[PDB]
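Before any questions on how it binds or moves, here is one chain, the form deposited in one PDB entry, in C-alpha cells.
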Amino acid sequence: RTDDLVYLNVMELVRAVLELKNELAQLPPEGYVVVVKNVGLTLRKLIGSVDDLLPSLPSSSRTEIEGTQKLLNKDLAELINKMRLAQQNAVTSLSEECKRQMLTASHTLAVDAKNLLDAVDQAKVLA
C-alpha cells in the first residue's frame, strides 16, 4: 500500500509473531509474559483499526470480517494458554515441547491475521 493502515497493522502483528522464536531463547521464563503482552497489544490495535474502517465497507461482507476477528481473539487466548505451560515447565524436560506449542499457536495467529488482511482487502468490491 501507500497509506493502508490495516495492512501496515497486520504486517506488525505478523512481525511480532515472527520475532517470538528468538525471544523465548533469550528471555528468562519471567519475560515470556511481556513478549506475549506485546503480541496482545499489537492484535488489539489491529482488530481496532479494522473496526473503524468497517462501516465504510459493504454492510454485507461485514459478517465475514467479524468472523476472523473473533477467530484472532480465540488464537491469542490459546497462545496465552500455551505460554503459561511454557512457563510452568521452564526447568523440566518439557521445555522444548512447551515452547514448540507456543510457536505453533503464534504461527496460526499470523496466518489468521493474513486471512483477515485478505478479507478486508477483497472487501474493496464496493468502492
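Note that residue numbering follows the sequence shown and begins at 1.
Visitor: Out of 87 to 95 and 50 to 58, which one has CA B-factors that are higher on average in the deposited record?
Guide: Between 87 to 95 and 50 to 58, it is 50 to 58.
Visitor: Can you let me know which of the two, 61 to 69 or 77 to 85, has the higher average C-alpha B-factor in the entry?
Guide: Here the higher of the two C-alpha B-factor means belongs to 61 to 69.
Another form, the form deposited with a partner chain bound, is not on view; read the next lines as being about it.
Visitor: Verify the contact flag for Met102: yes if a non-hydrogen atom of it lies within 4.5 Å of a non-hydrogen atom of its partner chain in the deposited bound form, no if not.
Guide: Heavy-atom contact with its partner chain at 4.5 Å: absent for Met102.
Visitor: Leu41 near its partner chain in the deposited bound form, any heavy atom under 4.5 Å?
Guide: Within the cut-off, so yes.
Visitor: Could you confirm whether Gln69 comes within 4.5 Å of its partner chain in the deposited bound form, counting heavy atoms only?
Guide: Yes - in the deposited bound form, heavy atoms of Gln69 and its partner chain come within 4.5 Å of each other.
Visitor: Hey, in the deposited bound form, is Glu97 touching its partner chain, heavy atoms inside 4.5 Å?
Guide: Because no heavy atom of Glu97 falls inside 4.5 Å of its partner chain in the deposited bound form, the answer is no.
Visitor: By the heavy atom within 4.5 Å rule, which residue out of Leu85, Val33, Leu53, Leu27 makes contact with its partner chain in the deposited bound form?
Guide: None of the other options qualify; the answer is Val33.
Visitor: Would you confirm whether the three residues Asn73, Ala77 and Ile80 all fall within 4.5 Å of its partner chain in the deposited bound form, going by non-hydrogen atoms?
Guide: The answer is yes: all three residues contact the partner (heavy atom, 4.5 Å cut-off).
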